[PDB]
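Structure first, then comments.
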Protein chains: 2
Amino acid sequence: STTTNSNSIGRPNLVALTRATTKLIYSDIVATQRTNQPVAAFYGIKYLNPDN
Amino acid sequence: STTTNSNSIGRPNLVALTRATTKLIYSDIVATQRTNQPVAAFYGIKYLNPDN
């Protein structure tokens with residue numbers, strides 16, 4: 001009675017990979033703009049009462 | 001080893017402006033109709049009972 005144990009398995013099948021990565025959230029949390037110099041300048045222009 | 005400290009940065013890049021203004025709400029809160037004379041008169045017309 002030749003069962004399966006008489007047989008010998010070969011190369012098991014690689015069914016599926018599994019990478020793990022976080023849901024990266026930085027495009028929506030912050031506002032971005034590319035800078036063409038190593039130092040960036042953001043302008044704060046304010047409207048003041050006569051008491052500043 | 002000519003590091004980056006030898007280089008001198010030039011004009012910093014003005015990435016973005018920033019002004020502060022409230023969400024001005026006076027067109028939607030109150031009813032507006034332009035007046036053509038330095039005194040405006042709004043009529044008040046009422047319907048009364050025989051007891052006023």
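In the structure tokens, chains take the letters A, B, ... in the order shown, each chain's residues start at 1, and ligands count up from 1 in the order shown.
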Hey, could you lay chain A over chain B with a least-squares C-alpha fit (all atoms, paired in order) and save it as a PDB file with N, CA, C and O atoms, in the first residue's frame?
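Output file part.pdb is given in full below:
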```
ATOM      1  N   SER A   1      38.801  68.543   3.066  1.00  0.00           N
ATOM      2  CA  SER A   1      37.402  68.142   2.989  1.00  0.00           C
ATOM      3  C   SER A   1      36.486  69.356   3.010  1.00  0.00           C
ATOM      4  O   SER A   1      36.107  69.837   4.074  1.00  0.00           O
ATOM      5  N   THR A   2      36.131  69.848   1.828  1.00  0.00           N
ATOM      6  CA  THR A   2      35.268  71.020   1.709  1.00  0.00           C
ATOM      7  C   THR A   2      33.844  70.630   2.072  1.00  0.00           C
ATOM      8  O   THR A   2      33.130  70.023   1.273  1.00  0.00           O
ATOM      9  N   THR A   3      33.423  70.978   3.283  1.00  0.00           N
ATOM     10  CA  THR A   3      32.071  70.685   3.738  1.00  0.00           C
ATOM     11  C   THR A   3      31.130  71.794   3.277  1.00  0.00           C
ATOM     12  O   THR A   3      31.488  72.656   2.470  1.00  0.00           O
ATOM     13  N   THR A   4      29.901  71.784   3.794  1.00  0.00           N
ATOM     14  CA  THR A   4      28.977  72.870   3.497  1.00  0.00           C
ATOM     15  C   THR A   4      29.388  74.159   4.191  1.00  0.00           C
ATOM     16  O   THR A   4      29.120  75.249   3.675  1.00  0.00           O
ATOM     17  N   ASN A   5      30.028  74.060   5.359  1.00  0.00           N
ATOM     18  CA  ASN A   5      30.417  75.260   6.090  1.00  0.00           C
ATOM     19  C   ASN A   5      31.428  76.096   5.320  1.00  0.00           C
ATOM     20  O   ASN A   5      31.511  77.308   5.543  1.00  0.00           O
ATOM     21  N   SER A   6      32.200  75.479   4.425  1.00  0.00           N
ATOM     22  CA  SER A   6      33.060  76.257   3.543  1.00  0.00           C
ATOM     23  C   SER A   6      32.231  77.095   2.581  1.00  0.00           C
ATOM     24  O   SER A   6      32.618  78.214   2.228  1.00  0.00           O
ATOM     25  N   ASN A   7      31.091  76.567   2.146  1.00  0.00           N
ATOM     26  CA  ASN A   7      30.166  77.324   1.322  1.00  0.00           C
ATOM     27  C   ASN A   7      29.456  78.382   2.162  1.00  0.00           C
ATOM     28  O   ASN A   7      29.360  78.282   3.388  1.00  0.00           O
ATOM     29  N   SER A   8      28.960  79.413   1.484  1.00  0.00           N
ATOM     30  CA  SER A   8      28.209  80.483   2.125  1.00  0.00           C
ATOM     31  C   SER A   8      26.856  80.615   1.448  1.00  0.00           C
ATOM     32  O   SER A   8      26.782  80.736   0.221  1.00  0.00           O
ATOM     33  N   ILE A   9      25.790  80.597   2.249  1.00  0.00           N
ATOM     34  CA  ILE A   9      24.449  80.693   1.695  1.00  0.00           C
ATOM     35  C   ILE A   9      24.219  82.092   1.134  1.00  0.00           C
ATOM     36  O   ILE A   9      24.874  83.069   1.516  1.00  0.00           O
ATOM     37  N   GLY A  10      23.274  82.185   0.204  1.00  0.00           N
ATOM     38  CA  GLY A  10      22.952  83.456  -0.409  1.00  0.00           C
ATOM     39  C   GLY A  10      21.660  84.041   0.114  1.00  0.00           C
ATOM     40  O   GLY A  10      21.562  84.404   1.289  1.00  0.00           O
ATOM     41  N   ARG A  11      20.664  84.138  -0.753  1.00  0.00           N
ATOM     42  CA  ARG A  11      19.368  84.663  -0.357  1.00  0.00           C
ATOM     43  C   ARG A  11      18.413  83.512  -0.069  1.00  0.00           C
ATOM     44  O   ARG A  11      18.154  82.700  -0.964  1.00  0.00           O
ATOM     45  N   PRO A  12      17.886  83.394   1.145  1.00  0.00           N
ATOM     46  CA  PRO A  12      16.940  82.313   1.434  1.00  0.00           C
ATOM     47  C   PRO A  12      15.662  82.461   0.626  1.00  0.00           C
ATOM     48  O   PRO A  12      15.242  83.565   0.276  1.00  0.00           O
ATOM     49  N   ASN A  13      15.044  81.322   0.329  1.00  0.00           N
ATOM     50  CA  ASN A  13      13.862  81.297  -0.520  1.00  0.00           C
ATOM     51  C   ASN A  13      12.617  81.663   0.275  1.00  0.00           C
ATOM     52  O   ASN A  13      12.396  81.148   1.375  1.00  0.00           O
ATOM     53  N   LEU A  14      11.796  82.546  -0.291  1.00  0.00           N
ATOM     54  CA  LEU A  14      10.531  82.944   0.324  1.00  0.00           C
ATOM     55  C   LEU A  14       9.473  81.939  -0.105  1.00  0.00           C
ATOM     56  O   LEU A  14       8.870  82.054  -1.172  1.00  0.00           O
ATOM     57  N   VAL A  15       9.250  80.933   0.740  1.00  0.00           N
ATOM     58  CA  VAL A  15       8.400  79.813   0.351  1.00  0.00           C
ATOM     59  C   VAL A  15       6.935  80.230   0.310  1.00  0.00           C
ATOM     60  O   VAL A  15       6.225  79.954  -0.663  1.00  0.00           O
ATOM     61  N   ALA A  16       6.458  80.894   1.360  1.00  0.00           N
ATOM     62  CA  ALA A  16       5.030  81.151   1.469  1.00  0.00           C
ATOM     63  C   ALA A  16       4.770  82.350   2.368  1.00  0.00           C
ATOM     64  O   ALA A  16       5.426  82.516   3.399  1.00  0.00           O
ATOM     65  N   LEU A  17       3.803  83.173   1.970  1.00  0.00           N
ATOM     66  CA  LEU A  17       3.312  84.256   2.804  1.00  0.00           C
ATOM     67  C   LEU A  17       2.312  83.718   3.823  1.00  0.00           C
ATOM     68  O   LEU A  17       1.945  82.541   3.811  1.00  0.00           O
ATOM     69  N   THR A  18       1.866  84.598   4.720  1.00  0.00           N
ATOM     70  CA  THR A  18       0.846  84.226   5.701  1.00  0.00           C
ATOM     71  C   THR A  18       0.119  85.492   6.140  1.00  0.00           C
ATOM     72  O   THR A  18       0.618  86.228   6.994  1.00  0.00           O
ATOM     73  N   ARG A  19      -1.057  85.728   5.572  1.00  0.00           N
ATOM     74  CA  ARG A  19      -1.934  86.766   6.082  1.00  0.00           C
ATOM     75  C   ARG A  19      -2.994  86.140   6.977  1.00  0.00           C
ATOM     76  O   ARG A  19      -3.388  84.985   6.803  1.00  0.00           O
ATOM     77  N   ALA A  20      -3.455  86.913   7.954  1.00  0.00           N
ATOM     78  CA  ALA A  20      -4.467  86.436   8.887  1.00  0.00           C
ATOM     79  C   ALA A  20      -5.667  87.361   8.811  1.00  0.00           C
ATOM     80  O   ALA A  20      -5.543  88.563   9.061  1.00  0.00           O
ATOM     81  N   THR A  21      -6.822  86.802   8.464  1.00  0.00           N
ATOM     82  CA  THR A  21      -8.060  87.563   8.380  1.00  0.00           C
ATOM     83  C   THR A  21      -9.175  86.722   8.977  1.00  0.00           C
ATOM     84  O   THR A  21      -9.203  85.505   8.781  1.00  0.00           O
ATOM     85  N   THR A  22     -10.082  87.368   9.699  1.00  0.00           N
ATOM     86  CA  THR A  22     -11.236  86.663  10.231  1.00  0.00           C
ATOM     87  C   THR A  22     -12.196  86.297   9.108  1.00  0.00           C
ATOM     88  O   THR A  22     -12.271  86.972   8.079  1.00  0.00           O
ATOM     89  N   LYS A  23     -12.940  85.215   9.314  1.00  0.00           N
ATOM     90  CA  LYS A  23     -14.007  84.866   8.385  1.00  0.00           C
ATOM     91  C   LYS A  23     -15.122  85.879   8.574  1.00  0.00           C
ATOM     92  O   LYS A  23     -16.011  85.698   9.408  1.00  0.00           O
ATOM     93  N   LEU A  24     -15.073  86.957   7.799  1.00  0.00           N
ATOM     94  CA  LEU A  24     -16.030  88.042   7.957  1.00  0.00           C
ATOM     95  C   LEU A  24     -17.435  87.538   7.657  1.00  0.00           C
ATOM     96  O   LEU A  24     -17.682  86.947   6.600  1.00  0.00           O
ATOM     97  N   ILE A  25     -18.346  87.753   8.594  1.00  0.00           N
ATOM     98  CA  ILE A  25     -19.723  87.285   8.477  1.00  0.00           C
ATOM     99  C   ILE A  25     -20.625  88.490   8.713  1.00  0.00           C
ATOM    100  O   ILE A  25     -21.014  88.803   9.840  1.00  0.00           O
ATOM    101  N   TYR A  26     -20.968  89.188   7.638  1.00  0.00           N
ATOM    102  CA  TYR A  26     -22.024  90.181   7.717  1.00  0.00           C
ATOM    103  C   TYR A  26     -22.955  90.144   6.522  1.00  0.00           C
ATOM    104  O   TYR A  26     -24.041  90.723   6.601  1.00  0.00           O
ATOM    105  N   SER A  27     -22.582  89.487   5.426  1.00  0.00           N
ATOM    106  CA  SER A  27     -23.501  89.365   4.305  1.00  0.00           C
ATOM    107  C   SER A  27     -24.669  88.451   4.643  1.00  0.00           C
ATOM    108  O   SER A  27     -25.784  88.665   4.155  1.00  0.00           O
ATOM    109  N   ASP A  28     -24.440  87.439   5.477  1.00  0.00           N
ATOM    110  CA  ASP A  28     -25.475  86.467   5.804  1.00  0.00           C
ATOM    111  C   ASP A  28     -26.178  86.752   7.121  1.00  0.00           C
ATOM    112  O   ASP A  28     -27.341  86.372   7.280  1.00  0.00           O
ATOM    113  N   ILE A  29     -25.504  87.402   8.069  1.00  0.00           N
ATOM    114  CA  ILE A  29     -26.129  87.668   9.358  1.00  0.00           C
ATOM    115  C   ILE A  29     -27.232  88.709   9.232  1.00  0.00           C
ATOM    116  O   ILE A  29     -28.245  88.634   9.934  1.00  0.00           O
ATOM    117  N   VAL A  30     -27.064  89.696   8.355  1.00  0.00           N
ATOM    118  CA  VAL A  30     -28.020  90.787   8.239  1.00  0.00           C
ATOM    119  C   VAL A  30     -28.538  90.866   6.811  1.00  0.00           C
ATOM    120  O   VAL A  30     -28.012  90.235   5.892  1.00  0.00           O
ATOM    121  N   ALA A  31     -29.591  91.658   6.639  1.00  0.00           N
ATOM    122  CA  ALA A  31     -30.158  91.954   5.334  1.00  0.00           C
ATOM    123  C   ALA A  31     -29.797  93.379   4.944  1.00  0.00           C
ATOM    124  O   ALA A  31     -29.914  94.300   5.755  1.00  0.00           O
ATOM    125  N   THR A  32     -29.362  93.558   3.699  1.00  0.00           N
ATOM    126  CA  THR A  32     -28.785  94.816   3.254  1.00  0.00           C
ATOM    127  C   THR A  32     -29.580  95.404   2.097  1.00  0.00           C
ATOM    128  O   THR A  32     -30.243  94.686   1.344  1.00  0.00           O
ATOM    129  N   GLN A  33     -29.495  96.726   1.966  1.00  0.00           N
ATOM    130  CA  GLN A  33     -30.076  97.443   0.839  1.00  0.00           C
ATOM    131  C   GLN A  33     -29.453  98.829   0.794  1.00  0.00           C
ATOM    132  O   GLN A  33     -29.406  99.517   1.816  1.00  0.00           O
ATOM    133  N   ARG A  34     -28.974  99.233  -0.378  1.00  0.00           N
ATOM    134  CA  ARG A  34     -28.292 100.514  -0.492  1.00  0.00           C
ATOM    135  C   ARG A  34     -29.289 101.662  -0.398  1.00  0.00           C
ATOM    136  O   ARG A  34     -30.405 101.581  -0.916  1.00  0.00           O
ATOM    137  N   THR A  35     -28.881 102.735   0.271  1.00  0.00           N
ATOM    138  CA  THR A  35     -29.709 103.921   0.437  1.00  0.00           C
ATOM    139  C   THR A  35     -29.164 105.051  -0.421  1.00  0.00           C
ATOM    140  O   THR A  35     -27.951 105.272  -0.474  1.00  0.00           O
ATOM    141  N   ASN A  36     -30.063 105.767  -1.091  1.00  0.00           N
ATOM    142  CA  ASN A  36     -29.683 106.883  -1.943  1.00  0.00           C
ATOM    143  C   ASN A  36     -29.815 108.225  -1.242  1.00  0.00           C
ATOM    144  O   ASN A  36     -29.690 109.268  -1.890  1.00  0.00           O
ATOM    145  N   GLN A  37     -30.072 108.225   0.059  1.00  0.00           N
ATOM    146  CA  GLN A  37     -30.063 109.437   0.859  1.00  0.00           C
ATOM    147  C   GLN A  37     -29.359 109.148   2.174  1.00  0.00           C
ATOM    148  O   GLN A  37     -29.348 108.001   2.636  1.00  0.00           O
ATOM    149  N   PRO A  38     -28.761 110.166   2.797  1.00  0.00           N
ATOM    150  CA  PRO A  38     -28.076 109.943   4.078  1.00  0.00           C
ATOM    151  C   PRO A  38     -28.993 109.471   5.187  1.00  0.00           C
ATOM    152  O   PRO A  38     -28.494 108.971   6.202  1.00  0.00           O
ATOM    153  N   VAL A  39     -30.305 109.622   5.041  1.00  0.00           N
ATOM    154  CA  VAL A  39     -31.268 109.160   6.030  1.00  0.00           C
ATOM    155  C   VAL A  39     -32.160 108.120   5.372  1.00  0.00           C
ATOM    156  O   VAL A  39     -32.716 108.364   4.295  1.00  0.00           O
ATOM    157  N   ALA A  40     -32.298 106.967   6.016  1.00  0.00           N
ATOM    158  CA  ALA A  40     -33.077 105.860   5.488  1.00  0.00           C
ATOM    159  C   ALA A  40     -34.339 105.669   6.317  1.00  0.00           C
ATOM    160  O   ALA A  40     -34.345 105.900   7.529  1.00  0.00           O
ATOM    161  N   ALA A  41     -35.412 105.249   5.650  1.00  0.00           N
ATOM    162  CA  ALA A  41     -36.715 105.085   6.283  1.00  0.00           C
ATOM    163  C   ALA A  41     -37.208 103.665   6.063  1.00  0.00           C
ATOM    164  O   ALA A  41     -37.335 103.220   4.919  1.00  0.00           O
ATOM    165  N   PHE A  42     -37.503 102.966   7.153  1.00  0.00           N
ATOM    166  CA  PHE A  42     -38.052 101.618   7.108  1.00  0.00           C
ATOM    167  C   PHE A  42     -39.499 101.673   7.571  1.00  0.00           C
ATOM    168  O   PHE A  42     -39.794 102.239   8.629  1.00  0.00           O
ATOM    169  N   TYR A  43     -40.395 101.087   6.785  1.00  0.00           N
ATOM    170  CA  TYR A  43     -41.821 101.196   7.042  1.00  0.00           C
ATOM    171  C   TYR A  43     -42.311 100.027   7.881  1.00  0.00           C
ATOM    172  O   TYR A  43     -42.124  98.864   7.512  1.00  0.00           O
ATOM    173  N   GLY A  44     -42.939 100.344   9.007  1.00  0.00           N
ATOM    174  CA  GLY A  44     -43.620  99.341   9.795  1.00  0.00           C
ATOM    175  C   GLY A  44     -45.120  99.472   9.649  1.00  0.00           C
ATOM    176  O   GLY A  44     -45.732 100.372  10.229  1.00  0.00           O
ATOM    177  N   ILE A  45     -45.722  98.581   8.868  1.00  0.00           N
ATOM    178  CA  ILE A  45     -47.153  98.601   8.596  1.00  0.00           C
ATOM    179  C   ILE A  45     -47.763  97.388   9.278  1.00  0.00           C
ATOM    180  O   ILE A  45     -47.335  96.252   9.037  1.00  0.00           O
ATOM    181  N   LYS A  46     -48.745  97.627  10.137  1.00  0.00           N
ATOM    182  CA  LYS A  46     -49.272  96.607  11.026  1.00  0.00           C
ATOM    183  C   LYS A  46     -50.760  96.404  10.786  1.00  0.00           C
ATOM    184  O   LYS A  46     -51.464  97.311  10.335  1.00  0.00           O
ATOM    185  N   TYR A  47     -51.229  95.199  11.089  1.00  0.00           N
ATOM    186  CA  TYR A  47     -52.643  94.855  11.034  1.00  0.00           C
ATOM    187  C   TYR A  47     -53.134  94.662  12.460  1.00  0.00           C
ATOM    188  O   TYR A  47     -52.570  93.857  13.208  1.00  0.00           O
ATOM    189  N   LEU A  48     -54.177  95.394  12.837  1.00  0.00           N
ATOM    190  CA  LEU A  48     -54.612  95.454  14.222  1.00  0.00           C
ATOM    191  C   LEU A  48     -56.021  94.906  14.381  1.00  0.00           C
ATOM    192  O   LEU A  48     -56.870  95.050  13.497  1.00  0.00           O
ATOM    193  N   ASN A  49     -56.256  94.282  15.530  1.00  0.00           N
ATOM    194  CA  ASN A  49     -57.603  93.972  15.961  1.00  0.00           C
ATOM    195  C   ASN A  49     -58.317  95.258  16.360  1.00  0.00           C
ATOM    196  O   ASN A  49     -57.677  96.285  16.592  1.00  0.00           O
ATOM    197  N   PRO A  50     -59.650  95.232  16.445  1.00  0.00           N
ATOM    198  CA  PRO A  50     -60.373  96.408  16.955  1.00  0.00           C
ATOM    199  C   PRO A  50     -59.921  96.859  18.336  1.00  0.00           C
ATOM    200  O   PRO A  50     -60.359  97.924  18.788  1.00  0.00           O
ATOM    201  N   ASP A  51     -59.070  96.093  19.019  1.00  0.00           N
ATOM    202  CA  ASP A  51     -58.423  96.531  20.247  1.00  0.00           C
ATOM    203  C   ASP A  51     -56.972  96.940  20.021  1.00  0.00           C
ATOM    204  O   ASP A  51     -56.201  97.022  20.983  1.00  0.00           O
ATOM    205  N   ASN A  52     -56.585  97.171  18.767  1.00  0.00           N
ATOM    206  CA  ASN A  52     -55.315  97.753  18.343  1.00  0.00           C
ATOM    207  C   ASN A  52     -54.122  96.820  18.498  1.00  0.00           C
ATOM    208  O   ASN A  52     -53.003  97.221  18.161  1.00  0.00           O
TER     209      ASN A  52
END
```
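Here the residues within chain B that DSSP labels strand (DSSP E or B) on the basis of the backbone are residues 13, 14, 15, 16 and 19 of chain B.
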